[PDB]
């Protein structure tokens, strides 16, 4: 359990290969330019190896830098990544991230990433070794990801090197946790990479927990999260003014519980969730979107039409309960987004086109100040199981709902409305390796409130870094570097 103090890149290199379980390699204040930190030794579960700033906020990794956590039970802590300059020809989308986690049982905590450089990669990945071994049980927490001007997601959690859509072997469950992180990143063109990707296709098992994160103008592309694996849980996250949706994109049996999808202006279309596949639970989520996304279907919750189990898998046989759809400007639930394109897709792959069906809709509260201009649903409800739901405020198709009335001011909790009742659910399965009693959590309802910066920030960092969250634009130097990235892509 020895603290080992170092003050330069060369002094780091001199110690890294001698670290033992319980050692903390403490970096003195300074700039560590072009640091290529490759940690191959391992800690133990009770005595991790920690590599940390002595004073968070005073240690910068800059220049042509990277981190590879290849041992197990390693912690990278309180590092600030900025003023980067990697060789853009040595990095690509779908490769390792600026910090790449190759070993299991590893943690990246309190680290800040702001407009790092022009090399396209994620900021953090879990990456397979060259022999194909999948890292498991890692944690990314209390990190800050802002002003990303490069392609690929902010974070990729991988269990294959590339998508393998036809494989009969399942991608191995990963059991990672991403929690208390902050995301705010500017729009990029096309399928440019979003906030988080988990796995690649329907035949991948995730079993990762994404909880307590704060996304504020996470605007990189259409997908805030592109969840592309089975059995992931999105719990207690706050999505504020985000131009995109949290998606169950590939993989059945995913869960979104007690999140907030909120907005404080009507300047851009905000989301929201877009759902493909079946056996999902969408429960206890609060939606208040003052403007929704026209290109997707102008809704808070979108349920995909298409062929079952396909690349655009039909949304069906799922549970939508105890959510609060509060004064959305758009449909609350759209059961026919992108209808014509999906019909064309089903024809392209020679598969039966279907509309969403057997989705149980119960215990939800719909409220509006917009009168009959607000239409809660688009699409075919009779193919689904519409049980008792509740509404406050006159809206179109009001007769579907039981009238209720608020008793408190400013409550996010439908249980504070007189007449409201929670859904009766039973036999809900917990997810292996995620220590959450899902049925009990469904039955508690919406007891939370939106996260703020102080709820997630690294303890040493006072203000949100960067410029997109604060100003809605980039600082001048970053704008110039971003224009270089975009021109190189257009001409690639």
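Residue numbers count along the first chain shown, from 1.
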If you take the mean CA temperature factor per stretch, which one wins between 265-273 and 148-156? 265-273
Once average C-alpha B-factors are taken from the entry for 116-124 and 345-353, the winner is 345-353
Quick one: which of 204, 332, 223, 340 has the biggest Cα B-factor according to the entry? 340
In terms of CA temperature factor as recorded, identify the highest of 218, 408, 245, 258. 408
For residue 162, return the chain-relative third of its C-alpha B-factor as stated in the PDB record: lowest, middle or highest. highest
Could you place residue 317 in the lowest, middle or highest third of its chain by Cα temperature factor, using the values in the record? middle
Please place residue 104 in the lowest, middle or highest third of its chain according to the CA B-factor in the PDB entry. middle
Sorting the chain's modelled residues by C-alpha B-factor and splitting them into thirds places residue 417 in the highest
Relative to the other modelled residues in the chain, which third contains the C-alpha temperature factor of residue 229: lowest, middle or highest? lowest
